[PDB]
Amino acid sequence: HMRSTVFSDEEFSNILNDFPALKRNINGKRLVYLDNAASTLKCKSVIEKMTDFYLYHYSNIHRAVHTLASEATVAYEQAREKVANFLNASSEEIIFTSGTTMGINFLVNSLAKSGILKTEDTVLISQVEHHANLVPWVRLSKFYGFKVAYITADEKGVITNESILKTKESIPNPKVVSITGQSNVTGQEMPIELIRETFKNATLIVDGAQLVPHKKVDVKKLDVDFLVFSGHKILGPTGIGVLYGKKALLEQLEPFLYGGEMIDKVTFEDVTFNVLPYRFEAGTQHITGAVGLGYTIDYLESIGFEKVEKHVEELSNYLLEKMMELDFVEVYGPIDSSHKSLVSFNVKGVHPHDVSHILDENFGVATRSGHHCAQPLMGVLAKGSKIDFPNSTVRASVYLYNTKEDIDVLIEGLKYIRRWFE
């Protein structure tokens, strides 16, 4: 009676109950939160364990023998293990960071400082990359002398199998391949196996920020060399991200940041480094964030991650279908099974800012409006546009606590903006 093939009405109702923000009203209308691709809402039971930790079991970690230091170090190392188990990795391959953005910057610098990414080598990324997986490579190419090349996208922003094989032909042996696991604009889940086997000798990095929150990722079976994501897009706390790297590669890397915890021996003239993974965590980490990320993983697992994945699939399809029925909307991305999570679109005659504004103020609906931290992809979309393209986009994106009813409200709102609003 809530129109899920995945969850029964009771268990679904228990899930929405975990998210107190869903009880906010904006001018009389309940919150319809469709901005999950920027960040997600937080689960009460997960936040309460985080606050329990801060107030009762908190202290700095690793380098003391007292009761609270012991408890916190254990909690923190178990969070590392939960994240490891979540990706099918070993815990010495899991590195906590401040977020996706940091993880990528970590990798450009460290790969260059370690002599893996040498001057004149090529880094291959796609045209649909988020600024986090573009701006570092572009800018630092100028300090370390490597080159940046692009797997091109089509008019709707799609990355086709043919574009990938075509780029193999022009650029057969890129030292590094850095690719999104799923675009935050087009919703396209990238064909990572095809990319891995096509560039079998590249150091392959996957930006998993949109992918990890709703789809099982097994880092061994994908055989990615590096994978990054952010806790805040998977119900988790802010300030916390993850960098998986293969043990054999991580062993070869110059640390990115230096300081306490990550050293072994320090003299005035010399430094040596700690073992993995501590070598890559300089200074006090986001201790409570990592612990919270662990409890967040536990929460999702208590629901069943396969159910979350199927529920988001089912919402994704529905959103796509309803958006496609509208004659006054231009939609971006593939119209196929690779499209998940989010739909970017424009309303004919109306700037995204006004679309998103009116959806919030008049219908309580939350959506992003703008570049979505992908300026260069905006120019690719502009060339395929059949309207007066504003160099930006509206974006609605779904997650666990959303419903088909959420999406129908989006639809009502957009028809209202179309009809009125000269």
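Numbering starts at 1 and runs along the sequence shown.
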| query | finding |
| --- | --- |
| Comparing 5-13 with 408-416, the one whose average Cα B-factor in the PDB entry is higher | 5-13 |
| Mean C-alpha B-factor comparison - 37-45 and 373-381, higher one | 373-381 |
| Candidate residues 203, 252, 285, 238, the one whose C-alpha B factor the record puts highest | 252 |
| Peak C-alpha temperature factor (PDB record), options 298, 207, 155, 93 | 155 |
| Residue 132 - which third its CA temperature factor falls in, relative to the rest of the chain | lowest |
| Where the record places residue 334 (Cα B-factor, split into thirds across the chain) | middle |
| Relative C-alpha B-factor of residue 353, binned into the chain's lowest, middle or highest third | middle |
| Residue 256 CA temperature factor, ranked by third within the chain | lowest |
| Chain-relative CA temperature factor third for residue 397 | lowest |
